[PDB]
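Protein chains in written order, with the entry's author numbering: chain A, 5 to 400; chain A', 5 to 400. A prime marks a further copy of an entry chain. Notes for the one structure printed next.
Number of protein chains: 2
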Amino acid sequence: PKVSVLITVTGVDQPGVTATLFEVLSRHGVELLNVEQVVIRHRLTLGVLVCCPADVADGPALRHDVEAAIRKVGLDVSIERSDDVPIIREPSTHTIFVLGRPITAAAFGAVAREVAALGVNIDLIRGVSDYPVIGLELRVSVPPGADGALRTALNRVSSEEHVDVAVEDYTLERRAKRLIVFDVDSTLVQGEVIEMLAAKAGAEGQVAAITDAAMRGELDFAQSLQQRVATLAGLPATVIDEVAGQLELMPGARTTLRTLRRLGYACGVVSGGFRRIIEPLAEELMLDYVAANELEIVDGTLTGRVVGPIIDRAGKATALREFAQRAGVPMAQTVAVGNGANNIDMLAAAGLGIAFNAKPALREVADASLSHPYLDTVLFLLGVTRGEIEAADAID
Amino acid sequence: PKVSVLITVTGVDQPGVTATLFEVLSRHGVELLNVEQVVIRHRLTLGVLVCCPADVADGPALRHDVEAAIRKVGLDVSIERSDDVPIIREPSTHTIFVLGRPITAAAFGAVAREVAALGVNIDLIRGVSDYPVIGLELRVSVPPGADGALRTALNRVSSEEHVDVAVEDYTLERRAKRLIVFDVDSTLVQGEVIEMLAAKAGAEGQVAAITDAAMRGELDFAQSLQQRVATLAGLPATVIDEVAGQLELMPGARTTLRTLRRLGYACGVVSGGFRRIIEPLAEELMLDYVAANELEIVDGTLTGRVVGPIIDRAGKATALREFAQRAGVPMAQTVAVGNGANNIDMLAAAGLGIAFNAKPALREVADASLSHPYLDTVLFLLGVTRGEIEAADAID
Ligand SMILES: [Mg+2]
Ligand SMILES: [Mg+2]
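Printed below as a string of structure tokens:
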């Protein structure tokens with residue numbers, strides 16, 4: 005008790021160092037206040053903050069015991085009275101994810117520069133993936149009222165340097181995300197279902213043009229939906245099952261859902277597409293919630309119309325809110341993932357809105373953007389590491 | 005590309021070091037594979053693993069640029085070709101929590117010793133609390149089939165050294181706990197309600213004796229319940245509300261529940277006590293589930309009997325299972341907290357069974373034991389830090 009002492013051990017890592025130090029300290033009236041240790045690339049840092057009798061800390065014996073024991077095996081140690089020293093470091097305010105393929109040193113350099121410019125302190129850096137993409141996390145302490153400036157600065161770095169850069173709240177509450185919705189077309193599934201339907205009518209051309217036109221936000225979603233589905237007027241309803249069986253999951257989708265289930269997420273899809281194509285898949289993927297539009301069928305033939313209500317841009321956010329209320333999950337703990345202007349209100353409503361290989365209209369307002377063709381890069385944004393994924397998967 | 009290089013920077017921390025290094029690296033064909041950085045007690049370690057042209061890595065220029073830039077400002081740097089080097093470290097297998105007041109160096113020394121003896125590697129150490137108790141976390145890599153030996157060895161250390169020591173699975177799945185049940189008497193609430201009831205009958209003596217006798221497991225819970233409640237025969241039912249208003253929460257209980265709500269836990273209580281005393285509190289604490297026994301009342305007077313079914317030792321586990329099924333939470337992601345032999349089957353059924361200031365009968369089989377009069381020390385076992393609690397609370 006009485007007086008506090010800081011002991012700092014550094015150098016090339018060797019086994020037994022940790023036990024040796026506290027065994028030495030036990031010969032003095034040492035009680036512990038804080039221990040921090042890590043080994044990085046065979047470099048040990050062990051910082052031990054203690055209190056011990058004023059008697060002991062004022063004597064050369066504690067110093068000599070520690071210095072002798074540490075220096076003998078080949079490491080460095082410093083010892084100094086503290087008293088005016090933080091016992092335990094404060095939590096980081098935010099975390100930053102940098103994803104690239106590659107991540108140039110220039111890219112990472114620009115991130116570190118923007119960070120320093122805004123008075124943001126880097127508390128820790130670690131890797132979170134080596135595949136399918138290089139992933140690096142920085143946990144940071146952002147000055148109050150500066151994280152807007154920071155997201156802006158880092159989105160600029162992101163486009164200039166060809167990496168994804170996401171800044172997230174690192175508070176207890178915001179980290180415990182519990183619910184996720186995916187847009188279907190070009191997010192969970194490869195391509196555009198409505199274009200696969202249109203191709204059966206020899207209309208993939210017209211419909212692709214309008215689809216690409218609607219997802220960039222240059223058109224009202226409902227009017228574009230009505231013109232596109234009209235091109236299907238006269239197709240037999242059998243086409244629906246046929247397109248259902250041609251659907252390819254986005255690379256990384258099974259891994260994304262599976263891992264999200266391990267974490268107890270409630271998972272759903274919210275689509276402007278069609279319930280009949282989506283359900284025999286949501287069932288196969290064991291999803292908890294589906295919202296979608298519905299094709300009108302007369303005499304076993306599509307009419308080219310949709311049965312209202314239409315899930316539009318507002319409808320997607322409305323669906324998220326509905327799902328979250330039923331699931332008992334506050335909006336702050338919800339995640340939304342999408343690629344088109346169709347998805348803007350949904351990402352905005354969600355706690356974390358993630359644009360996945362998205363049109364500019366969506367990236368401009370999303371909380372975070374992903375530019376690589378791997379849906380499982382979403383998991384990294386959710387605080388999961390690749391190693392953790394592979395571990396849990398290997399355990400089966 | 006072509007060839008991999010490891011750059012390791014160590015020394016006294018200074019601002020701008022991180023940006024400086026990658027700015028230097030950008031003058032060479034450097035792409036990043038992994039960055040690890042931490043500062044502990046003003047000691048910087050920055051390990052950067054890269055790939056760069058064989059051209060560049062075989063030349064003195066990369067070395068000279070880096071060495072000049074790092075050494076100038078006063079830090080150390082090493083540079084060496086890798087190629088046969090782990091890109092990204094594997095996740096820890098387990099985590100160990102050491103809680104004490106105090107934690108002697110001897111105590112921590114014994115933990116580190118038992119760890120090394122079983123071939124367990126310490127991957128990281130950090131503090132998780134300075135109040136109400138000193139809390140230290142070690143994340144470790146345990147050899148397969150040794151974690152039984154490890155829990156045994158550390159429970160022995162725990163009793164000999166007067167610290168709590170808990171060993172937990174650190175896998176993705178097991179970390180995402182989502183549901184917690186508390187025993188009420190001497191766990192969530194101070195003291196024994198049945199003794200507070202008995203005192204109104206001038207019987208606190210007899211009933212305390214039997215209560216302490218049942219919680220150590222020396223008696224059948226049902227027979228002990230029947231003898232104790234019988235002592236209440238003839239009390240007016242008004243006594244129930246009176247005892248309800250004399251109930252004191254366990255120190256740390258509000259903080260425990262509040263923080264658990266932030267994390268999206270479903271929270272419940274499972275008691276051998278009485279529904280009428282418990283409900284006007286579970287409601288006040290916004291709990292999701294209550295299971296309890298029920299006092300028989302005739303003509304507004306207690307009869308001294310309970311209305312079956314009796315929640316016994318088996319009944320508590322049965323209640324947990326019920327709660328978890330309704331809540332949609334797998335048993336592995338459930339937590340149970342209790343103090344008496346009454347709670348043994350419940351802790352055993354739960355993913356994580358925590359004995360809180362418990363009788364020996366329960367500590368002997370619990371996953372983890374807590375010996376300090378602070379229920380919020382449960383939170384530390386759930387991967388929460390004190391700083392994180394205070395942060396979120398300050399944000400309100
Ligand atoms: Mg889409
Ligand atoms: Mg109890």
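All C-beta atoms in this analysis are idealised placements derived from N, C-alpha and C, irrespective of residue type, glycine included.
Buried versus exposed call for residue i [16 or more other C-beta atoms within 10 Å across all chains shown]
i	result
A'/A65	exposed
A'/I315	buried
A'/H98	buried
A/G344	buried
A'/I399	exposed
A/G123	exposed
A/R330	exposed
A'/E246	exposed
A/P90	exposed
A'/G355	buried
A/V311	exposed
A/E288	exposed
A/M219	buried
A'/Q41	buried
A/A121	exposed
A'/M350	buried
Residue from the options whose Cα sits closest to the Cα of residue i
i	options	result
A'/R31	A'/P57, A'/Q41 and A'/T14	A'/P57
A/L201	A/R280, A/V132, A/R93 and A/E141	A/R280
A/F101	A/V144, A/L122, A/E94 and A/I74	A/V144
A/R265	A'/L383, A'/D292, A'/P334 and A'/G249	A'/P334
residue 402 of chain A'	A'/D216, A'/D168 and A'/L10	Absent from the model: residue 402 of chain A'. The displayed extent of chain A' is 5 to 400, so no value can be given.
A/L366	A/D189, A/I348 and A/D380	A/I348
A/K6	A/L29, A/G20, A/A354 and A/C55	A/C55
A'/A336	A/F225, A/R45, A/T260 and A/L267	A/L267
A'/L79	A'/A321, A'/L128, A'/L50 and A'/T242	A'/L50
A/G238	A/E40, A/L154, A/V52 and A/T305	A/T305
A'/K76	A'/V16, A'/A234 and A'/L37	A'/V16
A'/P106	A/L37, A/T24 and A/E298	A/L37
Residue range of the beta strand (DSSP E) that includes residue i
i	result
A/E141	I138 to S145
A'/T49	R47 to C56
A'/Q41	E35 to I44
A/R309	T305 to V310
A/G276	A270 to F278
A'/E300	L299 to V302
Contact set between residue i and chain A', taken where Cβ atoms lie within less than 8 Å
i	result
A/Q337	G268
A/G342	What A/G342 touches in chain A': nothing, since even the nearest Cβ is about 23 Å away.
A/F112	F26, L36 and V39
A/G20	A120
DSSP beta-bridge partners of residue i
i	result
A/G357	A/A340
A'/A170	A'/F101
A/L374	A/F360
A/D189	A/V193
A'/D134	DSSP lists no partner for A'/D134.
A'/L10	A'/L53 and A'/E84
A'/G63	Paired residues: none, contrary to the question.
A/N125	A/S145
Contact list for residue i against chain A', beta-carbon separation under 9 Å
i	result
A/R280	Under the 9 Å cutoff, chain A' gives no residues; its nearest Cβ is about 27 Å from A/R280.
A/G355	Near A/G355 there are no residues of chain A' at all, since even the closest Cβ is about 12 Å away, more than 9 Å.
Amino acids of chain A, ordered along the chain, whose beta-carbon sits closer than 9 Å to that of residue i
i	result
A'/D134	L37, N38, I91 and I92
A'/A237	By Cβ distance, chain A contributes nothing, its closest Cβ being about 43 Å from A'/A237, past 9 Å.
Within chain A', partners of residue i - CB distance below 7 Å
i	result
A/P95	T389, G391, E392 and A395
A/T49	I44, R47 and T49
A/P64	Chain A' residues near A/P64: none, gap ~19 Å exceeds 7 Å.
Contact list for residue i against chain A, beta-carbon separation under 8 Å
i	result
residue 2 of chain A'	The first residue shown for chain A' is 5 and the last is 400, placing residue 2 of chain A' beyond what the model contains.
A'/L140	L36, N38 and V39
Residue range of the alpha helix (DSSP H) that includes residue i
i	result
A/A217	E208 to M219
A'/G319	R317 to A331
A'/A110	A109 to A121
A/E246	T242 to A248
A'/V161	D151 to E165
A'/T263	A257 to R266
Chain-ordered chain A contacts of residue i [CB-CB under 7 Å]
i	result
A'/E177	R266 and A396
A'/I129	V39, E40 and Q41
Could you name the residues whose beta carbon sits closer than 7 Å to any heavy atom belonging to ligand 4, keeping them in chain order?
The model on display carries ligand 1 and ligand 2 but not ligand 4.
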